[PDB]
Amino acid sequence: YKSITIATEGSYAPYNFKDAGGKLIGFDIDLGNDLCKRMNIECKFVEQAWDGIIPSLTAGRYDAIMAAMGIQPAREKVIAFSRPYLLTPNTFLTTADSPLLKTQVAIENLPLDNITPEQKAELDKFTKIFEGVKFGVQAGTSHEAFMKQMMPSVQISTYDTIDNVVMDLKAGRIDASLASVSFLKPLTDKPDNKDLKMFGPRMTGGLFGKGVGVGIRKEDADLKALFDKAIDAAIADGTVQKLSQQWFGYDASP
């Protein structure tokens, strides 16, 4: 390889978004550039809407995806992934005045790989509390899949971008949402968002898979091996931890 094009969304701060000059910035951009430097590959980042991000990769419009993409089992049927470059659980979001905040959480860290009767009872409790609660999630995500598969009785609205979900939550058009802690913690840490709060179990596994990875075509085994070697090196030397603290305000490195 000499040069690659990496697609990102540009609507998921602080992983990938746009600066004042309209340039793509974020953890995914800084990490992508760092990995390409380690691989000795010229790096170009391109903006791509979420709906076509995977088919544009398999159609050969670009070489890789770095766009806060969970290493999701359903996506693994279509594309390959690098080893994880970030780890995160997933949790709920509501307003600071919501009565949902008073809900007791019985299972703080809830793994979904092998749901026990105890874990199912906790999911069922939140499903019942969510009756009559209007949820909003980003379309085409594991958050949409979790609500449709694990909480089908809950009213759900899907949105083109997470920015429109947050806008409708602030406006009172929806009552709650679901996204990763890596997205929600920096969002709720902003003084701009003192009126928003994370709540509920912090979920991992199951349909979410494990970690965030670089999406790569299945046939590009050499490119995956190059990314995996570079990611291992960037974790080992503290680069992923450094960039995670810079963008997220905490260490989400594997």
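Start at 1 and count along the sequence shown; that's the residue number.
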| query | finding |
| --- | --- |
| 94 to 102 set against 151 to 159, stretch whose average Cα temperature factor tops the other in the entry | 94 to 102 |
| Higher-B stretch (mean Cα B-factor, as the entry records it), 41 to 49 or 25 to 33 | 41 to 49 |
| Selection by C-alpha B-factor (highest) of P73, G140, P89, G172 | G172 |
| Selection by C-alpha B-factor (highest) of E131, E108, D124, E144 | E131 |
| Among modelled residues of the same chain, the CA temperature factor third for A221 | highest |
| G205 - Cα temperature factor, lowest/middle/highest third of chain | lowest |
| Cα B factor band for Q119 (lowest, middle or highest third within the chain) | lowest |
| CA B-factor placement of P55, once the chain's modelled residues are sorted into thirds | middle |
| Position of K185 among the chain's modelled residues by C-alpha B-factor, lowest, middle or highest third | lowest |
